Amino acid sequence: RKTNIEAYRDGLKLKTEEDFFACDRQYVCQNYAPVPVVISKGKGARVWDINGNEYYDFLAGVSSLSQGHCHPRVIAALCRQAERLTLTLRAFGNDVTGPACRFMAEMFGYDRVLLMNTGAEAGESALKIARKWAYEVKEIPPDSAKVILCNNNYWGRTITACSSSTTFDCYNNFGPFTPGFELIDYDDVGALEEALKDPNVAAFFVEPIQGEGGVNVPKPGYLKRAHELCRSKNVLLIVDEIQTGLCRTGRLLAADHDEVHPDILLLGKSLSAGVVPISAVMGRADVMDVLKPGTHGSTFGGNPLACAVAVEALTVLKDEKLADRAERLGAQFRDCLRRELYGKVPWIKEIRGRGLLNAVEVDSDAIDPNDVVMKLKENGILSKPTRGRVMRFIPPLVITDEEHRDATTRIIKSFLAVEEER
C-alpha cells in the first residue's frame, strides 16, 4: 500500500532535483538557504539522492544521527511501540515514561529527568528551573535573576534564545527581548569570574565545545575551572550537551573530558537517533523539584513512543561502543588531515575538534569557502559549514573503519583540489 505522502508526491510528477527545489520556493517558508541535494534514503553513514547517487553524510543532523540513518534496532523499537501506545499526556500514567526516566537517571547519574521535545525547549526549561531555584532557594530579589552565557552560543530559536544570542541574524528584528542575560567571551575564565561577582546570577549556561559557533574547543581545564568558580558562588552550571553529548566527542558526555558532572544537563538530538524529537533536562532533586505541578508542561514531552525510541537509541550507543569508536576514528581523522593539509594548503586556518566533532576553518579572504563545500560534494561528501568559513565533519559514529578511511581520503582530495585550482 502506498501511503498518502507517496501517492500525493507521485501525483506532483516531480522528476528532477530542480522540480523539488521549485516546490520548496513555492510552498516551504524560506528560512533556510538553498540546498544542493535531494536525499531520498539513508542507511548508517550513507545517503542516496533521488537519482540514486551515494554520499557520506558528514552533517548527521549536526550530531542527531550518531547511530546512523535508520538504525534497525531503533526503527524496530519505534514500530513496536507505535502499534501499542504513542501518547497519554503526563496527565495520565503509562508503562513507559517512568521506566525510561529511570534508565536515563541511572545512565547519567541524576535524580530527576524532565523530558521535552526539542533542544530549544530543553534550554527554556533549564532556564526556568534555574530562575525559579534562584528565587526560592537562593532568595534573590524578585525578577532579578541573571544567567551568564557566552558570545556565539547557540541553544535554539525561541524569542528567549534570540534574546541571549550574539548572532545578528538570530536576533535582528525579533525584539523586544527577554532581559536577564550577561554575555561573556567563551573560553575565558577571567571574564566568567568577573561576571560571577553579581549575587543575582542563577546559572552559567555553556557548551563544552561551541557547536554552531564553529566547533570551538576551549583550552584544557576550562569547564573544570568554570564549575569551581560557579560553585564558589552557589551558581548552577548548566551544560548544554545537545550537540556534544552522547559519545560524539569520544566520551559519554563532553563534560567528562574535564570530569565535570553538570548541575543541570541538557540532552537532545541523538537521544532519539534522529527518529523523533525528544530532549532531556536532568538535575539533582533539590533543583529539579522546584518545578511543582502546574508550573511547567508540554503536550508531547515524555510521550511513550519517544521514550521507547530514546531507550533503544541510548542502548545502541553503549552496545556498539560508539564513544570508543568516535575517539579512535576522530584522532585518526585529525592526524590525517593535519599531516596532509597543513603547509600544503595555506588557507586552512585550523583543523580542530574532539572525537568525531571536527572542523576545518578556512580563511574566507583567501578562498571562497563554498568552493570547498561543492568539491566535497563532487567527491561524495555532504557537509554544511557554519559561519560560512567553518567546514564541519560530523559523520554518524557507526561509520565503519573502511567507510571512514574512504571518506577521509575523499575529504583530503577535496581540499587539495581546491588548492590546486587556486
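Heads up: residue numbers just count along the shown sequence, starting at 1.
Relative to its counterpart among 182-190 and 264-272, 182-190 has the higher mean temperature factor, C-alpha atoms as listed in the PDB entry. When the mean C-alpha temperature factors of 360-368 and 23-31 are read from the deposited coordinates, 360-368 comes out higher. Remark: of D324, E241, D111, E124, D324 shows the highest value [criterion: C-alpha B-factor in the PDB entry].
For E207, the recorded CA B-factor ranks within the lowest third of the chain. Only modelled residues enter the ranking. For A254, the recorded CA B-factor ranks within the middle third of the chain. Only modelled residues enter the ranking. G343: CA B factor in the highest third of modelled residues in this chain (values from the PDB entry). When the modelled residues of the chain are ordered by C-alpha B-factor, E312 sits in the lowest third.
Sort the chain's modelled residues by C-alpha temperature factor and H296 lands in the lowest third, per the entry.
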